[PDB]
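Commentary on secondary and tertiary structure
Listed below, chain by chain, are the residues.
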Number of protein chains: 2
Amino acid sequence: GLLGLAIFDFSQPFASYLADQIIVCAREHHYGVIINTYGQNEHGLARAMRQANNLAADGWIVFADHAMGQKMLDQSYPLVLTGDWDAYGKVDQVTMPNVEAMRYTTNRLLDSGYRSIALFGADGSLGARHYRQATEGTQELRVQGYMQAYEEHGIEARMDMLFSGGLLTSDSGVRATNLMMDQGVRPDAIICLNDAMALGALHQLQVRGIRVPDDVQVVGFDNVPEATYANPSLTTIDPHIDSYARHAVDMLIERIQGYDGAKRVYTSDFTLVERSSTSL
Amino acid sequence: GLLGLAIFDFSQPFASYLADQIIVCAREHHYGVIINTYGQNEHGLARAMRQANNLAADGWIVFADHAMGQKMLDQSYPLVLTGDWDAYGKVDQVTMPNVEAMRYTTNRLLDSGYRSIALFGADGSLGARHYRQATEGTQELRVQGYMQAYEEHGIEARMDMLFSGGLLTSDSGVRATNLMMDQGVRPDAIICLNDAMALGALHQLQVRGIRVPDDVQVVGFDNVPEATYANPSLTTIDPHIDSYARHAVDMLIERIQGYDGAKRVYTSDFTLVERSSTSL
């Protein structure tokens, strides 16, 4: 048996980590894995879904990174969606506990006395209503959870405390740090929407004279291997990538083998893994 | 057109970085890329070479991580070898300047007054003759260059100054740091055979109270993106992965399109990129 994985590119550590876990899980089922990337083409994801028709894999896991209209997920091969975008029940999908993990973690920071929390990885200019009402999106749902924690504490979350470097990379984490510091903002804590951004932020904060955690608490999201070896080691939301991969692979193989139940949504659990970049 | 890339797994940053560069290069030629991994199978590389017969790619770049007898590289599809192992002229191959870059860098350390240099990522118990006489191997040729720099300075390199954590990962860099420190060794400098090991070493040195660079100079190899964001930022040998990928892709596409000259060996150039983890 042969499974396909479609991802944008390998530029950030999470793609490597997810792919490796899918490969391990797939091997437990005696399936191989081939990887197609789609970030190198305009309308790239659609082209990869078409290319899958002529590849050898028996079915596909697709990690989407943007919204799709309620057609692309209508394919003739077995297909499981991963990522934070809605499949509208066209296929099984696996996702992370984006709202809950961010609400929990922002609440922990607030309850530990860190009242001013910047968020790296989202555009505040999209407005509070967009985030409050969102039903899909990586950035959107993670912001939503952060906003809910503020609301639970009787405080309005401020769009001016969201900083975006553009993409979700270490270089964007550096850019978001500069944007925030250049605006004179010196917060109690920063939550980054992935570990790549947090690793960039740890670097640029230290370069510009800010001590972590003594001046600013820093939290990431994913618990990629890199987070263990950072200096200081990185506190991060672990969305249980082992279980996430296991569900994606089990669901896809079930469909390849004829499983015909209604399409499902699985949401992984999470753990806040505390390391040296916070002092909660 | 469709190119295949076979690599062991994505567990360390270099595999991501090389794959992404191959994808960019391939896209410039209007070729896609599919990735097969082989580390998840016993005799894995041989199985991937066989699987390639039934995949859709028009030709393969294979990144080998161990020696092959002077049969595996005899295939019916176009094939270019990458990595530090000998193809014996069966196929075109692209490699890094393993001896020269390590000799240059070890000489820079010695000439700057850092006389005691540990090497992380090789087994000293293999003996000096094995390293002096080697004609292939990542570990072997990099050690060979380090030994030549010592010899140029009239000093015998010591096998007891090589530390291996097993594999070439960040976790092995942590293990090699513990092995070295537990033996009471406090060197002037450490050269790690890849950046993943150096990033682990930067972490474990700091955890155990060793300042980089004030107590120990630290150098890596690859100049993966991570090295820019380390704390302290990582001095590293850059083996010109852009040119390495460009040559692998150009050679493979040439063979797919009928190029019939003798098989070639390309060796990339190198630059020592100095950052905060050294003070040369």
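Residues numbered from 1 in each chain as written, not as in the entry; some residues may be left out. Chains lettered and ligands numbered in written order. Heavy atoms only, no water. Residues with missing side-chain atoms left out of burial classes, pairs and counts.

The deposited coordinates, according to the entry record, derive from X-ray crystallography at 1.450 Å resolution.

**A closer look at the relation of the copies chain B and chain A**
Short version of the rule: Each copy is brought onto the others through a least-squares superposition of its C-alpha atoms. Between two residues, a contact is recorded if the distance between any of their heavy atoms is within 4.5 Å.
Mapping chain B onto chain A calls for a rotation angle of 180° and an axial translation of 0.0 Å; the resulting RMSD is 0.0 Å. Here the copies are linked by what is in effect a two-fold axis. Closest approach to the rotation axis among the C-alpha atoms of chain B is made by B:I35, whose C-alpha sits 2.4 Å away. With an isologous cut-off of 70% or more, the 100% of interface residues of chain B that recur at the interface of chain A puts this contact in the isologous class.

**Considering the sheet that holds strand β4 (residues 79-82) of chain A**
Threshold: If DSSP finds at least two bridges between two strands, the strands pair. Helical segments are the DSSP runs of H or I of at least four residues, strand segments are the runs of E of at least two, and each set is numbered from the N terminus. In this analysis an axis means a line fitted to C-alpha atoms, helices contributing only their contacting stretch, and an angle means the value between N-to-C directions, from 0 to 180 degrees.
Strand order in the open sheet formed by 12 strands is β11(A)-β5(A)-β4(A)-β3(A)-β1(A)-β2(A)-β2(B)-β1(B)-β3(B)-β4(B)-β5(B)-β11(B), with mixed pairing between adjacent strands. Taken across any chain shown, the strands that pair with only one partner, and hence form the sheet edges, are β11 (265-267) of chain A together with β11 (265-267) of chain B. Here the average twist between neighbouring strands, direction ignored, is 20°. When strand β1 (residues 2-7) of chain A meets strand β3 (residues 59-63) of chain A, the two strands line up parallel, connected through four bridges. Bridge pairing links A:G4 to A:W60 in β3(A). On top of the sheet, helix α9 (residues 241-256) of chain A reaches β1, β3, β4, β5 (92-95) and β11 of chain A; it is set at about 175° to β5(A), its chief contact.

**What to know about the side chain of A:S172**
As for its position among the elements, A:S172 is in helix α6 (residues 170-182). Those residues in contact with A:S172 that sit more than four places away from it in its chain are A:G165, A:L167 and A:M197.

**Brief notes about the nonpolar core**
Grouped burial of nonpolar side chains is what soluble globular proteins tend to show. Spelled out, the test is: Grouping buried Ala, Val, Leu, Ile, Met, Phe, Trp, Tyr and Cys residues that are joined through side-chain atoms within 4.5 Å yields what is termed a nonpolar core. Only protein chains enter the accessibility calculation, which uses a 1.4 Å probe; a residue whose area is less than 20% of its type maximum is buried, one above 50% is exposed, and one in between is partly exposed.
Among the nonpolar cores identified, the biggest contains 158 residues, and A:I35, A:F120, A:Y146, B:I35, B:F120 and B:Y146 are the most heavily contacted of them. The contacts of B:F120, once residues within four sequence positions are left out, are B:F163, B:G173, B:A176, B:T177, B:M180, B:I190, B:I191, B:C192, B:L193, B:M197 and B:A201. With 42 residues, the next largest nonpolar core counts A:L45, A:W85, B:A6 and B:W60 among its residues.

**Describing the pattern of salt bridges**
Once the charged atoms of two side chains with opposite charge are near each other, the side chains can pair. For the record, the criterion: Salt bridges are defined as contacts in which a side-chain nitrogen from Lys or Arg sits within 4 Å of a carboxyl oxygen from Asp or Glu.
Inspection of the entire model under this criterion finds 20 salt bridges over all chains. Taking the shortest distance from any N to any O, the salt bridge between B:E28 and B:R246 comes out at 3.8 Å. A salt bridge links B:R264 to B:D92; the shortest N-O distance between them is 2.9 Å. Placement of the pair is B:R264 in the loop between α9 (241-256) and β11 and B:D92 in strand β5 (residues 92-95), with a sequence separation of 172 residues. According to the relative accessible area criterion, B:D92 is buried, its value standing at 0%. The network of salt bridges with common partners includes A:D92, A:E254, A:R255 and A:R264.

**Side note on the environment of A:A64**
Residues and elements named next belong to chain A. Structurally, the position occupied by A64 is in the loop between β3 and β4. For the pair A64 and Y38, spaced 26 residues apart in the sequence, the C-alpha separation amounts to 9.9 Å. Non-local contacts of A64, meaning those with residues more than four positions away in its chain, are made with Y38, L45, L81, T82, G83 and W85.

**Considerations on the packing of aromatic side chains**
Residues and elements named next belong to chain A. Rules: In summary, the pairing rule links any two rings of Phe, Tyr or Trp, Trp by its six-membered ring, whose centres are within 6.5 Å, and it sorts them by plane angle into stacked for under 30 degrees, edge-to-face for over 60 and tilted for everything else.
In total, this model carries 11 aromatic pairs over all chains according to the counting rule given. Plain terms: the ring middles of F8 and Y38 are 5.7 Å apart, the flat faces sit at 85° to each other, and that makes the pair edge-to-face. Of this pair, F8 sits in the loop between β1 and α1 (13-28) while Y38 sits in the loop between β2 (32-37) and α2 (44-51); the two residues are 30 residues apart in sequence, bridging distant segments of the chain. Take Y38: its relative accessible area is 3%, and that puts it in the buried class.

**A word on the interface of chain B and chain A**
If you look at the interface, chain B gives 33 residues, while chain A gives 33 residues. Among the secondary structure elements, those contributing two or more residues to the side of chain B that touches chain A are α1 (13-28), β2 (32-37), α6 (170-182), α7 (195-207) and α8 (226-229) of chain B. Element by element, the count of residues in the side of chain B that touches chain A is highest for α1(B), at six residues. The pairing of β2(A) with β2(B) spans three bridges and is antiparallel. Bridge assignment links A:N36 to a residue of β2(B), and that residue is B:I34.

**Section: empty space enclosed by the protein**
Residues and elements named next belong to chain A. To be explicit about the condition: Cavity and pocket criteria rest on a 1 Å grid covering protein atoms alone: a 1.4 Å probe that fits but cannot get out defines a cavity, protein on both sides within 12 Å along at least 5 of 7 lines defines an open pocket, and an atom within 4 Å of a point defines a lining residue. Grid points are joined across faces, edges and corners, and a volume is the space filled by probe spheres set on the points. Charged residues are taken to be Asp, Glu, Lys and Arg, nonpolar residues to be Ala, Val, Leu, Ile, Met, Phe, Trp, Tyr, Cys and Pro, and polar residues to be all remaining types, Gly included.
Roughly 30 Å³ of internal volume is contained in the second largest cavity. Every residue along the wall of the second largest cavity is listed here: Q12, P13, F14, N194, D195, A196, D222 and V224. When its residues are assigned to classes, the lining of the second largest cavity shows four nonpolar, two polar and two charged.

**So, the sheet that holds strand β6 (residues 117-120) of chain B**
To summarise the sheet geometry, strands pair through backbone hydrogen bonds and adopt either a parallel or an antiparallel arrangement. If you trace the six strands from one edge of the open sheet to the other, you get β7-β6-β8-β9-β10-β12 (chain B), paired in mixed fashion. Two strands bound the open sheet, and with one partner strand each, they are β7 (162-163) and β12 (271-273) of chain B.

**Concerning the pairing of strand β1 (residues 2-7) of chain B**
Residue and element names in this part refer to chain B. Burial analysis of β1 places six of its six residues in the buried class, which makes it a mostly covered element. Residues of β1 alternate between two faces, with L2, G4 and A6 on one and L3, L5 and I7 on the opposite face, all of them buried. With six bridges connecting them, β1 and β2 associate as parallel partners. For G4, the partnering residue across the bridge sits in β2 and is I34.

**Quick look at the pairing of β3(A)**
Residues and elements named next belong to chain A. In terms of residue burial, β3 counts as a mostly covered element, since five of its five residues are buried. As defined by bridge partners, β3 adjoins β4 across four bridges and the pair is classed as parallel. Residue pairing across strands places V62 opposite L81, the latter belonging to β4.

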